[PDB]
Structure formats: C-alpha cells, structure tokens
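Presented below is the structure to which this report refers.
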Number of protein chains: 2
Amino acid sequence: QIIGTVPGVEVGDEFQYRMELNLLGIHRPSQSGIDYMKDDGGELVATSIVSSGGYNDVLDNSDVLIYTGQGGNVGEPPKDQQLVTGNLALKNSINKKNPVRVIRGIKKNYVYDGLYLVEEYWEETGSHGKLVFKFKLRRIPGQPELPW
Amino acid sequence: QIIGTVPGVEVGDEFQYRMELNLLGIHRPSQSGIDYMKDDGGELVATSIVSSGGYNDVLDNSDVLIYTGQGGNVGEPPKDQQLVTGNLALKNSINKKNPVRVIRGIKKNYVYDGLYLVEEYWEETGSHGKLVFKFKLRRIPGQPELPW
DNA sequence: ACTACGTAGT
DNA sequence: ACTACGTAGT
C-alpha cells in the first residue's frame, strides 16, 4: 500500500484490467472505485480512485474532477450514501492533503491519470430524496498532459 | 477457439487467474466452468472445463474425473439442470470424441491438466428432487503425469 | 438480458 | 458476511 507515485508507472500508461492495477500496486480492489489505507493514527486516507462510467462523475479535460461517492445503490432500491470506508477516506484526504492516484476508464480499458488532491466534498439530495456525496479533486500541476 | 492442445501451454503449467486462461486461449469464459464452440454443423462441442471446488466434482489422482453439470443453482432455490449450452456441448462431445482441455483449481490457483475425452453422462436426482448431470471424463494416455 | 466452478478487501 | 465505478460469452 503506497501513497503517491508508483515506481515504473507513468502518467498515460494504459491497462486492460482492474487486476493489472492491483498487481502493480496502483489500485487494489477488484471492483471498488476507492482504495484507502490507515495512516499514522487510526484515520483512513485515500490512495487511489477509479472513474470509469459509474456514478455520474464529472470529468472534463480540465484539472478538476468531480467524483461521486460510492454506495447508496447509485449508478435494489435507492438509499443514503454513508460517510464510511472509501467515502470517509476520501473526505479525510482533504485534511491530510495527500496525493491520490486517479485512474480513468476508457471506452485499452484504463489509463493512469496522475496525482490529485481532494479539495472538498459536499452532499447532494438526489432525485430520490437520498444523500449522495461529491468529492472535488484537482490535479497537481507539473504532470504530463493527457489527450482527449 | 481451438480444440485440443494449445501451442506453448504445457501440462502442469499454472495460472493465478481465469483471465490468463482466456488470454492464452485455454478457457474463455470469465466464470463459467464449461467452454464450447460450434463444429462443422450446427452442433455444440466442448473445448475445455474448469474444476475448482464448485459442484461436488469427483477428482481422484486417477485418469477418470466425474464432472458436475452447471446450473440448477447447485454449488436462489434448487431447480433442474438443463441440457443446453455447456451441458449440451459436453454431452455432444461424447459422440464427437474430441479432446477437451481440463483445468483444475488448486487451493498458483489453476493448473492445466491435459486432454480428456467425455465417455458418458447420466442424470442424478439430488437430495432436493432436482436433476443434476454428471459427465465421466477420461484422460488420454501418453501425457505427462501431475503430482498430488 | 442474463448466466457464470470470479476476486480483493474489510 | 458482505460490498464492490468487474468481465466474457451467448
């Protein structure tokens, strides 16, 4: 479990499978969009996220990404998302200011996008009355650009 | 889709993931235990099976393997297995006498076991009143032995 | 749409 | 036990 850059993995590197992300220490979960670990202390912090067509993420070709919290049956019946696990880790990552690897799903299937910081999160009341989290992430300046 | 030996894959070769079986043309399905294809004609025939702790397969260290049909919620509520798809392909493979690759799940995760022929199948009435298929497969003589 | 002898992590 | 922004094939 490593925070920040992973040796031998360059911005722009592409992968066919989630399991390659795991083999290379980029992103461990087989399906989950958020990976996290405990820091110096009991607190969870996020290490990497995957945005691949789930959940109405907002990805333009700018430095800012809006990333939807996991769960609540968003993207069984609708229910409130919960500030635990990966959602809570992303939140905590706001205070820690730790880098977070971002992998983006591409319609060969995944690209490493570089490091981002989580700048804030908020709650939204979906079209169903249920809570959804949104995390605003900003790419750290100085990284190679990606074409899209 | 190839019947029989796959170039560069030796009896005794091991693999961590089902997806490596697929990449190498050993076994295509991501989860399904039976892979099949159409032959000269409209008929399905089996090309490979995976025995990995599902379904009460009978695997001793002999040349004969008893392989359970798929479905029926065996290994939702219990229901009759059906002679279609992979089950039907294995059955048809009795008449075709075509080789069938056998991969065995090992408690790094999978081993290629060599080629077998399907010699017969039968039906069994499980402890639930529902039908289950059993296929008897016999390893073709002349192949390297595996330790167990 | 839907079946599937998958997987990792907590 | 249970969650999960997986997958391939038909």
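Note: hydrogens, waters and symmetry copies are ignored here, and every other heavy atom, side chains too, is used. So that the names make sense, note that chain A is the first sequence line, chain B the second, and so on, each numbered from 1.
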*Check the distance between C:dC5's P and B:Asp57's CG and give it to me in whole angstrom.*
10 Å
_Nearest to the side chain of A:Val50, heavy atoms from C-beta on, is which of C:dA8, D:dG6, C:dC5?_
D:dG6
_Within the supplied structure, the quantity of interest is the number of heavy atoms (other residues, nucleotides, ligands) at a distance under 6.0 Å from A:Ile2 CD1; does it exceed 12?_
no
*Heavy-atom donor-acceptor pair, B:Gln31 side-chain to D:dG9 base, under 3.5 Å*: no
*Starting at atom NZ of B:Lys108, determine the distance to atom P of C:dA8, rounded to an integer number of angstrom.*
11 Å
_When you measure from the side-chain N and O atoms of B:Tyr110 to the phosphate of C:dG6, is any distance below 4.0 Å, counting only OP1 and OP2?_
yes
*Classify the nucleic acid contact of B:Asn22 as base, sugar-phosphate or nothing, counting any heavy atom under 4.0 Å across all strands shown.*
sugar-phosphate
*Please state the P separation for the pair D:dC5 and C:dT3 - nearest whole angstrom.*
22 Å
*asked:* Quick check on C:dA8: is either OP1 or OP2 less than 4.0 Å from any side-chain nitrogen or oxygen of B:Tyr17?
replied: yes
_Can you measure A:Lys79 atom NZ to D:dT3 atom P for me and round it to whole angstrom units?_
9 Å
*Heavy atoms only: give me the nearest A:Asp63-A:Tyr116 pair and the separation to one decimal.*
O-CE2, 3.9 Å
_With no hydrogens and no angle check, just 3.5 Å: does a side-chain donor-acceptor pair link A:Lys130 and A:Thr125?_
no
*Which is true for A:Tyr67 with a 4.0 Å heavy-atom rule: it touches a base, it touches only sugar-phosphate, or it touches nothing?*
base
*asked:* Rounding to an integer number of Å, can you tell me how far A:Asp35 CG sits from D:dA4 P?
replied: 14 Å
*For A:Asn73 and D:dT3, what is the distance between atoms CG and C1' respectively, to the nearest whole Å?*
11 Å
*Would you kindly give the CD-to-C1' distance between B:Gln70 and C:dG6, to the nearest whole Å?*
14 Å
*asked:* Under a 3.5 Å cut-off for both contacts, is C:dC2 paired Watson-Crick or G-U wobble with anything, and if yes, with which nucleotide?
replied: D:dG9
*Base, sugar-phosphate, or nothing for A:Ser32, non-hydrogen atoms under 4.0 angstrom?*
sugar-phosphate
*Options C:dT10, C:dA4, D:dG6, nucleotide nearest the side-chain atoms of A:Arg18*: D:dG6
_Heavy-atom nearest nucleotide on DNA chain D for A:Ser51 versus B:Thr85: which residue maps closer to 5'?_
A:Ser51
_Would the base of D:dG9 count as contacting B:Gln1 through its side chain, where contact means a donor and an acceptor less than 3.5 Å apart?_
no
*For A:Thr68, answer base if it contacts any base atom (sugar-phosphate contacts may also be present), sugar-phosphate if it contacts only those atoms, and nothing otherwise; contact means non-hydrogen atoms under 4.0 Å.*
base
*Hey, is the main chain of A:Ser32 close enough, under 3.5 Å, to the side chain of A:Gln70 for a donor-acceptor pair?*
no
*asked:* Here's a test of your reading of the structure: between A:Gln16 and A:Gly54, which maps to the more 5' nucleotide of DNA chain D?
replied: A:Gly54
*Considering only side-chain heavy atoms of B:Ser52, which listed nucleotide, C:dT7, C:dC5, D:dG9, is closest?*
C:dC5
*Looking at A:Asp13 and A:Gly8, what are the two nearest heavy atoms and their distance?*
OD2-O, 4.1 Å
*Give a yes or no on whether the backbone of A:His27 and the side-chain of A:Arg101 come within a donor-acceptor separation of less than 3.5 Å.*
no
*Please state how far atom CG in B:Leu21 lies from atom P in C:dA4, giving the value in whole angstrom units.*
19 Å
_Whole angstrom value for the distance that separates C1' of D:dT3 from CZ of A:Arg28_ = 15 Å
